[PDB]
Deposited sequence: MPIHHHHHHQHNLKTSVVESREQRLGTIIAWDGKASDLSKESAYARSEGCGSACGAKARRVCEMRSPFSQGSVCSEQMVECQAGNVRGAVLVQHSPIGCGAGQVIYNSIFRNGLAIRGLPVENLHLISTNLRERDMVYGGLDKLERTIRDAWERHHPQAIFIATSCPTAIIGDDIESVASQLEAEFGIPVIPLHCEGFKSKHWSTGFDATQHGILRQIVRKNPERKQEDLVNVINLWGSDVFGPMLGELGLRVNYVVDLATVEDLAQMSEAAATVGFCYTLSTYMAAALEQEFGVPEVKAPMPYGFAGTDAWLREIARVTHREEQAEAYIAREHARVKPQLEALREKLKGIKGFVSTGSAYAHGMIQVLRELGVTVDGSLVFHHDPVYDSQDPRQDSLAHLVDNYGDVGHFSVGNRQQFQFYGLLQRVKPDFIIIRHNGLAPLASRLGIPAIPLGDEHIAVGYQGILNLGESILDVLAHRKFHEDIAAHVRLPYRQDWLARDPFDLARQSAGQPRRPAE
């Protein structure tokens, strides 16, 4: 989860993430920068590089520790960017030497007057730190029409959907300004489409600050979206708008689903993700009529056993291997693809798209040799 913690902490706009570790552990800066820029572009916000600072530890620090270097790096971050918050991330080579980041963090927090949050890397260090030090306490303002939506990335799917309910969306944590994180205690509810991700932070928000958490079926499939929207409306007292939106969307979407079903008839899929997320995708596929068998060498064996037309995955490294077997994968960089009523059609025509791309993957499969020995191929 260290990569996810670093990505979340560095994706908070107006904040600076300090990587207390050798230069090697900062290699993720390029990955995080690419994800950050693409998320900004998708969200429509101005695009720019993120500024992650590494303490750049060397042998001297591995021996005698790097507290002085950490303090120097935090001062550098403050002077260069004057952020609204500073996070600190610690790697294995720095965990082994057992540097005490808490003391310097508290001291510099007192000196600068902004949060200095040492990330300790069901639970998430970045979310815990945001709640501890950034989320406003006993707010004097309550936003009855504000809802916290906990997501990693993806386009504005909840924006328009909840707009039809007259509700505003507060996207956290990624791409959120420090102002947005602070005001999450003012929102009228916290909706998390991802049970695994959003459960901890939303539960803590409700318990400590009184912002209700919406616990309902995920917005996947017609029934799931119906229940989800109705729960949102009940919590935020917008039943009339929710019913109007549901009727409109049912009328608009139900026809096209027939043509989509005809086009997707006979297609066999495959899903391999967290049971929570996989459940929604499998529900949407069942709506479209696609067949699902159920839920990196073991992946090779699984794909050989099943031989699906397409796969749905959410972890890196799985797709390239499936590509070499001739199986396209649904690109879930935007996890919001299948959310809501329009999500059904989006996923349907995305499946139709990746079925066309099968031509590339079949060529690759024909003209490549995998690095696995033949004998190992005869094992499960």
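Participant: What residue ranges of the deposited sequence are absent from the coordinates?
Facilitator: Missing from the model are residues 1 to 74, 196 to 205, 380 to 417, 503 to 519.
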